[PDB]
Structure formats: structure tokens, C-alpha cells
Amino acid sequence: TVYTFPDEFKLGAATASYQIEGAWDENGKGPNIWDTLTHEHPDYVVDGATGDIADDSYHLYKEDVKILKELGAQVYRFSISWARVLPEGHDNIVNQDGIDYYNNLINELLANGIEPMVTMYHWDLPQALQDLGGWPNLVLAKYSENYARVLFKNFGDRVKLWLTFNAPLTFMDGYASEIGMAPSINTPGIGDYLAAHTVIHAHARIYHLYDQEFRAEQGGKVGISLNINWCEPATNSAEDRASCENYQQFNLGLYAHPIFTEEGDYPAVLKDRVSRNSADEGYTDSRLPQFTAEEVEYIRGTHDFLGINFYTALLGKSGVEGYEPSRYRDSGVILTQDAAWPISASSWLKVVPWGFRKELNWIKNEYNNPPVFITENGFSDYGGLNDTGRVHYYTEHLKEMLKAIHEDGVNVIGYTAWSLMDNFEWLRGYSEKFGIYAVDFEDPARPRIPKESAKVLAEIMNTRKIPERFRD
Ligand SMILES: OC[C@H]1O[C@@H](O)[C@H](O)[C@@H](O)[C@@H]1O
Ligand SMILES: [Cl-]
Ligand SMILES: [Cl-]
Ligand code: NA
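Residues numbered from 1 in each chain as written, not as in the entry; some residues may be left out. Chains lettered and ligands numbered in written order. Heavy atoms only, no water.

Q: Explain the site of ligand 1 residue by residue, including any values.
A: Near ligand 1, the surroundings consist of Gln19, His122, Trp123, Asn166, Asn309, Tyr311, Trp348, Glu376, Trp418, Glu425, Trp426 and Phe434. The side chain of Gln19 places a nitrogen or oxygen atom 2.6 Å from an oxygen atom of ligand 1. Note that an oxygen atom of ligand 1 is positioned 3.2 Å from one of the side-chain N or O atoms of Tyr311. Contact with the protein chains removes 94% of the 310 Å² of surface that ligand 1 exposes when unbound. When the residues that make up the shell around ligand 1 are grouped by side-chain class, the tally is 6 nonpolar, 4 polar and 2 charged. (Near = heavy atom within 4 Å. Polar contact = N/O pair within 3.5 Å; in protein donor to acceptor, adjacent residues only side chain to side chain. Areas by Shrake-Rupley, 256 points an atom, 1.4 Å probe, with all protein chains shown as cover. Nonpolar A, V, L, I, M, F, W, Y, C, P; charged D, E, K, R; others polar.)

Structure (C-alpha cells):
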């Protein structure tokens, strides 16, 4: 039983637009902040890589569907490129080529018995909107509503699973470093909080839009994908436990407390620690933006499920470190990783499968057991088809998730592996491989070929259980 997937549980794989599509300026697509970063600042990216071609999924989407069908995916999670649909960011011009592209992909999936799950925003903001300040500027919440309306109108007759945003905890950091994630602006502890605030408002507008304009007709579900690491106390002390609770609230709770609790608003510890630190540094006003009571009520409850991107764990101990001002410093935890944990090709990603079960329980307890869809989970290496590390990563994480479901009563409803194929890994370029299919980026045809992990995942998807040879 503990090794079998529930009958209705959905298994599949995931990608994101900039990471796979290419065709960055083809057929009317406008520029986004990742076009800008990779073109203007190749020094920020391993190898000076760009997403100009990537997996060429703009042209090769039928090949993506073919490998999804081979894998036996029930669901394909992909994102829509805002600037491919609305090249100016604003909704005055809709690019028919972009509409056609996503319709073609959706229709191809459905014809092959694969359900589309669509992320509206996976980090590729139109440059025209960044030029207004991007996410720190609250005007983007209405712009995001208008973008979502175009998506619901054009695609919602066939798409029944939506994510407003992907991993805003990560993309907000594009406002916390001059050399980091797009748009690479150095406003740590100030602009990243403003970005989060706008994202939360935008998410809520999109959910209410669905309720008002689309749900009765379309009957789908709208969630948000939040990334979160487990944070294990470095020792069993109450002080180290407090630091790990701080971590959860400053990383997951920042987004999930406003949306997924009955109370709404930011977590108290976030409000209070930032208020205190801001006062002590001489600011008249807290660096953390505020919601009014009306906004708190508007935002809370704006969910049909919770998407989670889970990869790894950290150790947390009591204390404060980091630069003033910064979210890490504000969070009141000292973070490390255990040298004993298996490594990957990504400095931040260690293999800690039991952390997944701990995180799922933390979520269950904090948010009253929301339906949870694992929208990403996966592992990096530098190359190779005999990807034993990736196979082990998947089989262990899936076992831990199944324990969370069967032993712990966590309402996990689906899981999409990150990623269907090797792709553009942001500032790491093509150097870090997350795919279950390999892609030859030196071959203009970008063939996708299965790794051992794709074969094992296909076996899991076909049999709906963890094979005996991977059991404890
Ligand atoms: O870093 C690995 C992956 O983690 C995620 O949380 C992001 O959504 C992906 O775009 C990224 O490729
Ligand atoms: Cl101890
Ligand atoms: Cl066997
Ligand atoms: Na339209």
C-alpha cells in the first residue's frame, strides 16, 4: 500500500517557457527580461549561454508531446511566455502567433491523452513592464490580471489546471542582486519585498478574475507554485527549532500565509522582525510593505490547491547573518548544509529525501492539509544517460511522498518531475542538467533521448507503484 499511488493521483513532467522554447524574437514575440539578461550580461551566465534556441520547443513541441506519451505522463506542466502572447506586456496587442502556438501544444497534448497544466508566470516578464520597475511596482498586479484574462479566454476551455506564479521566492531575488536572476537589480531587503507584495496582489486578482469571468463555464482550478527547502534544526534545541520555524515563515509563509490561512496577511514573525530591524537601522517606515484589512480579506482564500517545488534541505541554527538589509538577515536563521548529504551538480541542491516528507507535514499542519500538487522535484548532474544519481533521487523522493500520503495523511494530488528534458538552467546555462531526457545542444535538431531516469519513471507511471528493487 505505502508503495502504490492513489488511483486519482496525477503523474507527469514539467518545463518552463524560457528554459525550453527558443524562438525568442520569432513571429512577433516581444523581448523579456531573460532576453535582456542573456544578451546584455552574458558575464552573469555560465558559458554566456542564452535561451535564444534552448530546446527549440517553439518548433519542436510535437517532439515534446511524443516523449511525454512515451513516458506515460498524465499531465504536462508548462508555462506560457507573456511576451509571446502580449509582446508589449500590456493587453493592447495580442500576438496571434503566440495564441496559435499554445493552442497547438494544448491540442496536441489532448489528442495524445495528456492533460495540460499551465503556469502563467515562470520568470519571463516582458521588458516593457520591467521598464516601469517590474515587480516592485504594484501597477503590475492589474497588468497581470489582464494577461490572465487573455489566457483564460483563449485556453481555458481546454486547460483546467492553472498556476498563477512559479517560485516567487526565487524570482523576487532578481531584485536583490546586481549580478543575479533577471532583472539583476540590487535592492535587497527592500525591492524584493515590494516584488513579493505585487505578486501576492497579482495572484489574488487573477484568482478573483477566474471566479468572476470564467469558473462557472470552465470548471478548472487555480493555484500557485511555491518553492521551499526543508530546514532541519542543527541541534534539537528549542532555539534551533525556532530558527527553522523562522525559515519556513520567511520562505514559504511569506507567500502562503496571506493566501492559504484563514487569517491571511504576512506571518507575524515576518512583520515583527522586519519592523524591528527597520526601526533599529533608522528607517521611518518598515521595509516590509503592508496589506490593509480589506486587502487581507481579498487575498486570503484565493486558492484551489497549493503547488510545491521541492528539491532539498538546509540545516538551521539560532542566530542572524547576512547583509543589512536583506531577507536572509531579517529571517533570523544561520543556514548550512551537512557534508554527509549526497551532492548534485548544483551547489545549492543536496539529496535529503526525508526532508520532503518533513516539509509536506509542515505544510499539512500550517495550512490545514490543502490539496498539494508537487509541481517540481528533480536532480542535476553534468551529463550522461546512465543517471543513477537521478534515478535514486526520484525513487527516494517518491517513496517519501508516498509515506506522507499513506502514513501521514497529507493530501498530495499530483507530481510533475522537473524536468522533461535538459534545458536552460537560468544563470547556470546548459551546464547543469535536470532532464529525464537528454538534449544535444550542439545538434540543431535538438534530439531528445531517454536517460535511465526516464525509463524508471515510465515504469513507475505504468505500474503506478515503486518497483520492488527500489524499496527499502
Ligand atoms: O533550479 C531548478 C528548477 O527549480 C525551480 O524551482 C524553477 O521553477 C525551475 O525553473 C528551475 O529550473
Ligand atoms: Cl542535539
Ligand atoms: Cl526486481
Ligand atoms: Na484575446
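Q: Please set out the sheet that holds strand β1 (residues 10–14) residue by residue, giving values where relevant.
A: Pairing is parallel in the closed barrel, where 8 strands are placed in the order β1-β2-β3-β4-β5-β7-β10-β11. If you compare each strand with its neighbour and ignore which way they point, the axes differ by 25° on average. (Pairing = 2+ DSSP bridges. Helix = DSSP H or I, 4+ residues; strand = E, 2+ residues; numbered from the N terminus. Axes fitted to C-alpha atoms, helices over the stretch in contact; angles between N-to-C directions.)

Q: Before we move on, could you go through the packing of helix α15 (residues 388–406) against helix α16 (residues 452–463) and cite the residues and values that matter?
A: Closest axis-to-axis distance for the α15/α16 pair is 8 Å, and the angle between their directions is 30°. In terms of axis orientation, α15 runs roughly parallel to α16. Here the hand of the crossing between α15 and α16 comes out right-handed. Note on element contacts: α16 touches α15 through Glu452, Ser453, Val456, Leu457 and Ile460, opposite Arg390, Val391, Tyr394, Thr395 and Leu398. (Parallel < 35°, antiparallel > 145°, perpendicular 65-115°, else oblique. Left-handed = near helix turned anticlockwise from the far one by under 90°. Contact = heavy atoms within 4.5 Å.)

Q: Residues and numbers for the UniProt feature "active site" (unreviewed entry) in the chain, please.
A: Taken from the UniProt record, the annotation "active site" (unreviewed entry) applies to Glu376. Residue class for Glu376 comes out buried when judged on its relative accessible area of 6%. Among residues more than four places away in sequence, those in contact with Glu376 are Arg77, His122, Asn166, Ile308, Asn309, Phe310, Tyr311, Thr416 and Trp418. (UniProt positions renumbered as here; feature names shortened; annotations may be inferred. Buried < 20%, exposed > 50% of the residue type's maximum accessible area, 1.4 Å probe, protein only.)

Q: Explain the pairing of strand β8 (residues 313–317) residue by residue, including any values.
A: A regular strand places its side chains on the two faces of the sheet in alternate fashion. For β8, the buried fraction is high: 4 of the 5 residues fall into the buried class. As defined by bridge partners, strand β6 (residues 230–233) adjoins β8 across 4 bridges and the pair is classed as parallel. Of the residues in β8, the one forming a bridge with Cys231 is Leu314. Where β8 and strand β9 (residues 334–336) come together, 3 bridges link them in antiparallel fashion. Opposite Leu315, over in β9, you have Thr336 as the bridge partner.

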